[PDB]
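Next up is one chain by itself, shown in structure tokens, the form deposited in one PDB entry.
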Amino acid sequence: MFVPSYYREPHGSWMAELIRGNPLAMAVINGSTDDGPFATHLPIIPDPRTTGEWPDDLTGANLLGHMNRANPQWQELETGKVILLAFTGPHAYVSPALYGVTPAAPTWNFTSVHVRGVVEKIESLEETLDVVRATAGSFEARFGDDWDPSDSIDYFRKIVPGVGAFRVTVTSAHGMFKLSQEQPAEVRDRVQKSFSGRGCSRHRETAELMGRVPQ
């Protein structure tokens, strides 16, 4: 990932935090020169077996995901192939009218974590079922409303052969936290103040991140 030094996450924990809150990654692998790369939006969790919860240095962590086995990307996934998992969080257009300085150019403040690693296809039906059950239970606790999957386990069994589950062993993780760090602190405060005052929670979320970087 290409990241200007002043936009890197100040601490590794920022990356795990963004992934945890936005775990529907874009999973990308190389394709042919004619077709271009493959890309699928799919849910990622850390391996409950080993990594368990989200660490602050992601190197060597084991992640898990799943896709549709009919997805052509599944057939191109091979054990040993490299994969990119791109996670995105809050973002907002920055109008130079907020700056109070001239001259200027507009920009877009945004957040992204690019995780790269090596794929291992999961072939066991039960191991595959464990992955999706771990994804379900994890997300429901974090984002849901106390839903009990007990009465659905037979349903999970029935549809699970269509699940293409896989493991990713992380080789690198990079965060892009473009949050106006290139601007003077007074300028950053005006942008942050403008964002925190809008009824859009995405703008609010961007302002919160902006106020977290050191002065």
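Shifts are known only where both forms have a C-alpha. Just count from 1 along the sequence shown to find any residue number. So that the term is clear: the rigid core is the largest set of C-alpha atoms that superpose within 1.5 Å between two forms.
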- May I ask you to compare 101-109 and 80-88 by their mean CA B factor in the entry and name the higher one? 101-109
- Which is higher in the entry, the mean Cα B factor of 21-29 or that of 190-198? 190-198
- If you check the C-alpha B-factor for each of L179, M67, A173, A61 in the entry, which is highest? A61
- So among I44, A185, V168, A165, who wins on Cα B-factor in the entry? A185
- Message: What third of the chain does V132 rank in for C-alpha temperature factor, lowest, middle or highest?
- Response: middle
- Please rank the C-alpha B-factors of the chain's modelled residues and tell me whether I153 sits in the lowest, middle or highest third. highest
- Chain third (lowest, middle, highest) by recorded CA B-factor, residue given as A141: highest
- Query: Comparing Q75 with the other modelled residues of its chain, is its CA B-factor in the lowest, middle or highest third?
  - Reply: middle
- Note on the structure: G36: CA temperature factor from the record, placed by chain third, in the lowest
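The discussion below concerns the form deposited in another entry, not included here.
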- C-alpha displacement of 2 Å or more between the shown form and the other one on the rigid core, among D35, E53, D148, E186: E53
- Note on the structure: Shown form as baseline, in the other entry, CA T50-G175 shift of 3 Å or more puts them closer
- Note on the structure: Against the displayed form, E53 vs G60 by Cα, in the other entry, with 3 angstroms or more change: pair is closer
- Note on the structure: Moved regions between the shown form and the other one after rigid core superposition (C-alpha shift of 2 angstroms or more, 3 or more residues per run) are 49-57
